[PDB]
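Let's start with one chain on its own, the form deposited in one PDB entry, as structure tokens.
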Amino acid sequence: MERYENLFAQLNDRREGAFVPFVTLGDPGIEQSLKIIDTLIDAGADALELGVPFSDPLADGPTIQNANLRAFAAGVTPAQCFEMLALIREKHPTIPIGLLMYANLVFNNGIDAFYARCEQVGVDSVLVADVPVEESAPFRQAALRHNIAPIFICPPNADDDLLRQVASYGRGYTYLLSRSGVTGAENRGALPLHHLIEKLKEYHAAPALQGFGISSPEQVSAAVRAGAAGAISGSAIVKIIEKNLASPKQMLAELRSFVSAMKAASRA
């Protein structure tokens, strides 16, 4: 399919940036997670980044560590995640869906089989957090064989060789890291360096989404102004879940308010 390409073309036609929330699948349970995700979409999410709970999420800060723990407390498994993904796609045909994976969950039972299952349920992209471009060959090859975009990470101080590799190897969108470190709303990244954004465009990279530490509407606006196609926010979204565990109705209302505000910031 061409869900990211179609989205970016539509957004470009509206002179508009993408707002893309991250949540952990099955946090804090399967049924509530499904309701959360429908809320994110209704409030104006342009695409989703969805985490499969993993025992050892070494690119995540405490907020998302805790999301993983909550999902495990609910007994959430990768198979259940794939069931959820099929249902999400069945409800929402066009929204791009990206997974945030750790390598062992993609590898352990067969790389090709993993990407085939992604294709079957209608996932659009897979970002494997602990597979750098240097180790990416079998992952990106399997992704492309199954019409899945492999997402690569452009660190803020990427050299020319890395930019060329990320531009060549990636599809769907290019992940532009706001800073070093791990996920977390408590640590704000930098503005996208004009040089990176421009170099990525020079090398015909997939459109850039800025992520890490994006927690306010102003940051979304700033990312788009700098020439990124949009912004990803995770910890800020997950914090609303964490804050409202005992109040599922309020949780949805707060997620709606937040996503609406973040999406509004992306409009020209």
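Start at 1 with the first residue shown and count on from there. Only the largest set of C-alpha atoms that superpose within 1.5 Å between the two forms is called the rigid core.
There is also a form deposited in another entry; it is not shown, and the following applies to it.
With the core held fixed by superposition, the comparison between this form and the one not shown singles out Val106 as the only member of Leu99, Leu85, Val106, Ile148 whose CA moves by at least 2 angstroms. A movement of the C-alpha atom of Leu69 falling short of 2 angstroms is seen between this form and the one not shown when the two forms are aligned on their rigid core. After superposition on the rigid core, the Cα atom of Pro57 is displaced by 2 Å or more between this form and the one not shown.
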